[PDB]
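Residues per chain, in single letters:
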Amino acid sequence: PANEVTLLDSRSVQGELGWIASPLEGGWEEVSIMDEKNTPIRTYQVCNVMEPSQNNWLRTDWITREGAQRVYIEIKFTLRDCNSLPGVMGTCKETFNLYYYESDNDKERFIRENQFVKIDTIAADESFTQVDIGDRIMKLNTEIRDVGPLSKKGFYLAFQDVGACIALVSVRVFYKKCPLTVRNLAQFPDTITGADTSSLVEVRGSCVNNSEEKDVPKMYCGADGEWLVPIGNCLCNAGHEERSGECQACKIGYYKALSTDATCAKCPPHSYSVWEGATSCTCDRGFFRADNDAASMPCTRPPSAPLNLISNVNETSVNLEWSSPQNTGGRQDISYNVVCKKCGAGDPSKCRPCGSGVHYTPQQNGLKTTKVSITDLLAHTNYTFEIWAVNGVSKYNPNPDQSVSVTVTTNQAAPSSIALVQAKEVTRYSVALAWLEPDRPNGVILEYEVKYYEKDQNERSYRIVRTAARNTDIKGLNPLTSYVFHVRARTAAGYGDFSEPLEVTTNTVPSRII
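Residues numbered from 1 in each chain as written, not as in the entry; some residues may be left out. Heavy atoms only, no water.

For this deposition, the record names X-ray crystallography as the technique by which the model was determined and cites 3.65 Å as its resolution.

Thoughts on a nonpolar patch on the surface
Operational definition: Two joining distances apply to patches: 9 Å for like charges and 5 Å for nonpolar side chains (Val, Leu, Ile, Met, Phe, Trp, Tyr), and every residue must have over 30% relative accessible area and no salt bridge. Under the convention used here, a 1.4 Å probe and the Shrake-Rupley method define accessible areas, while residue burial counts only the protein chains that appear. Basic side-chain nitrogens of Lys or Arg form a salt bridge, by our definition, when they fall within 4 Å of a carboxyl oxygen of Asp or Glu. Working definition: helices are DSSP H or I runs of at least four residues, strands are E runs of at least two. Numbering for both runs from the N terminus.
On the surface, a cluster of nonpolar side chains totalling about 340 Å² of accessible area is made up of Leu200, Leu228, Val229 and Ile231. For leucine 200, the location among the structural elements is in the loop between β16 (191–192) and β17 (201–203).

As for unusual backbone geometry
Residue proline 23 follows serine 22 across a cis peptide bond; omega there is 5°. Relative to the helices and strands, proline 23 resides in the loop between β2 (20–22) and β3 (44–46). Cis geometry marks the peptide bond from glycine 148 to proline 149; its omega dihedral reads 0°. Tracing the chain through its elements places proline 149 in the loop between β10 (139–147) and β11 (154–161).

Looking at the sheet that holds strand β29 (residues 421–426)
Let me state the cut-off plainly: Paired strands, in this sense, are two strands between which DSSP finds at least two bridges. Here the axes come from fitting lines to C-alpha atoms, over the contacting stretch only for helices, and the angles between their N-to-C directions go from 0 to 180 degrees.
Sheet architecture is open: three strands sit in the order β29-β30-β33, paired in antiparallel fashion. Only two strands of the sheet have a single partner each, and these edge strands are β29 and β33 (471–473). The mean angle between the axes of side-by-side strands here comes to 20°, regardless of whether they run parallel or antiparallel.

Let's talk about the state of the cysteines
Just so we agree on the cut-off: Criterion for a disulfide: a pair of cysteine sulfur atoms within 2.5 Å. Residue burial is assigned from relative accessible area. The probe radius is 1.4 Å, only protein chains are included, and a residue is buried under 20% of its type maximum, exposed over 50%, and partly exposed in between.
Scanning the entire structure with this criterion turns up ten disulfides. Covalently, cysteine 82 is tied to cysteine 92 through a disulfide, its sulfur atoms 2.0 Å apart. Of note, the bridge from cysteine 82 to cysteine 92 carries an S-S torsion of about -85° and is left-handed in sense. In this pair, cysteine 82 sits in the loop between β6 (71–79) and β7 (95–103) while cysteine 92 sits in the loop between β6 and β7, placing the two residues ten residues apart along the sequence. Assessed through its relative accessible area of 31%, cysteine 92 is described here as partly exposed. For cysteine 207, the disulfide goes to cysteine 234, at an S-S distance of 2.0 Å. Around the S-S axis, the bridge from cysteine 207 to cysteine 234 shows a dihedral of about -105° and counts as left-handed. Taken as a pair, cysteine 207 in the loop between β17 and β18 (219–221) and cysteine 234 in the loop between β18 and β19 (240–241) lie far apart in primary sequence, 27 residues in all. Since its relative accessible area comes to 13%, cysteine 207 is described here as buried.

Re the sheet that holds strand β26 (residues 371–374)
Within the open sheet, the three strands sit side by side as β23-β24-β26. Their pairing is antiparallel. Each edge of the open sheet carries a strand with a single partner, namely β23 (309–313) and β26. Each strand of the sheet is rotated relative to its neighbour by a mean of 15°, with strand direction disregarded. As defined by bridge partners, strand β24 (residues 318–322) adjoins β26 across four bridges and the pair is classed as antiparallel. Each bridged residue has a counterpart across the sheet, and for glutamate 321 the counterpart in β26 is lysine 371.

Let's talk about the pairing of β23
Moving residue by residue along a regular strand, the side chains alternate between the two faces of the sheet. Here β23 shows one buried face, formed by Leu309, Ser311 and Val313, and one open face, formed by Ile310 and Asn312. Of the pairings in the sheet, the one linking β23 to β24 comprises five bridges and is antiparallel in character. By the bridge assignment for β24, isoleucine 310 is matched with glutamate 321. Adjacent in sequence and paired antiparallel, β23 and β24 are bridged by four residues.

Focus on the layout of surface pockets
Stated formally: Put simply, the grid is 1 Å and covers the protein atoms alone, a cavity is a trapped set of points that fit a 1.4 Å probe, a pocket is an open set with protein on both sides within 12 Å along at least five of seven lines, and lining residues have an atom within 4 Å of a point. Grid points are joined across faces, edges and corners, and a volume is the space filled by probe spheres set on the points.
Taken as a whole, the largest pocket encloses approximately 440 Å³ of empty space. Around the largest pocket, the lining is made up of 20 residues, and of these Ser311, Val406, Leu446, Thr491 and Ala492 lie nearest the centre. Among the elements of the structure, β23, β28 (405–409), β31 (445–454) and β34 (483–491) are those that each provide at least two residues to the lining of the largest pocket. The leading source of residues in the lining of the largest pocket is β28, at four residues.

Below you can see the structure in the form of structure tokens.
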């Protein structure tokens, strides 16, 4: 019934035990008790109290050790007290000796009586053990005796009677063993107990096929037939979670990048579901993950180019400025790459690249700031720059379809100021504005910026209204508030100057009666 492997048993034996007894008549009797469906239970009996100098031997059959170390012998017997019935002074006994002999030969006819070695004298105990074979309760005292270490192939066990009323009910022969158990996600095989009580057995078992050894696993198989302290845990491999037995793989829609104790996590947002036992959730079409970026982070989109581009020119240098991108994609690392083209010079589309050493003081390629300044550019020659937005993923991702660019001139000056501005309509809610283009353009006019600032009060933040058309209307203004309007012409070639300061007071509904 126990985890310990048995060698010899009274019930488990095939038919007869095959035990050699000396003498045959008047010695050990085959008094067996039958209490099973057509199957008997073997028991040896001897009771020669009246006869003097009684000596009865009972040797067991050949026992195959099968790689044993320490053998435990459990004997269940009935011992009749010498007080129960009157007898002869110093004749009756209440003890029986236990003998053992090691041999190599399998089948033997006779074993030498004097050659046997005694283990210990077995006697009765006060506490009776309750163990029954049939329906009625039987109270027989049990005794356990250990012997070891054994070097030979097998051994023989002998029972000696010195004139006592005894019956050997159950004879169990078994060795203690450490069972096959899986602890700390590592397999441990069946190991036999040590030869000494003060000696421990070092057991090192191999880990699961779908798991990697992080720490060396070891267990100590004690003399009792069980492990003591577990040292070293085997962590589950990437794409496999913790389970009762072996490391179970991650289900459809789960991933595990590194060997961690935590279970399989669900796919991050905007990521395609992979098959059972995946390392990392792959990104679907339109989304791509960076090499330097962690597996825990979700899939990101490619960046967008900044729509607005402001350019100011000097005699030999050019200054560029742009706003933040529209679609970020989902990454904090946004850089800008400036590309020289020299396509501005000449009417045809095809041109030669900037082979010469163009110097730009802030950064060469991949600037984090939204402002850049290009120097040492040749005068009288037309140029064009392509400010291409670069993300952390954009390298792995395909080259972005479009990049916002602006064509500029070197030697040509900045635009002049507007000669005069005029108000067309004057009402309590809106004031219309009209203006002409400046006297000297010095380039193609692209935008007109208008500034508004309140008078008689503290300086409020300037109102910005961008209109390419030569006419604009003000909106949402309080009555009786005088306002100064300033227009500024803006080109790709440069920055314009402030216009005529027009002081117009907001119209009011009449109140004076004549």
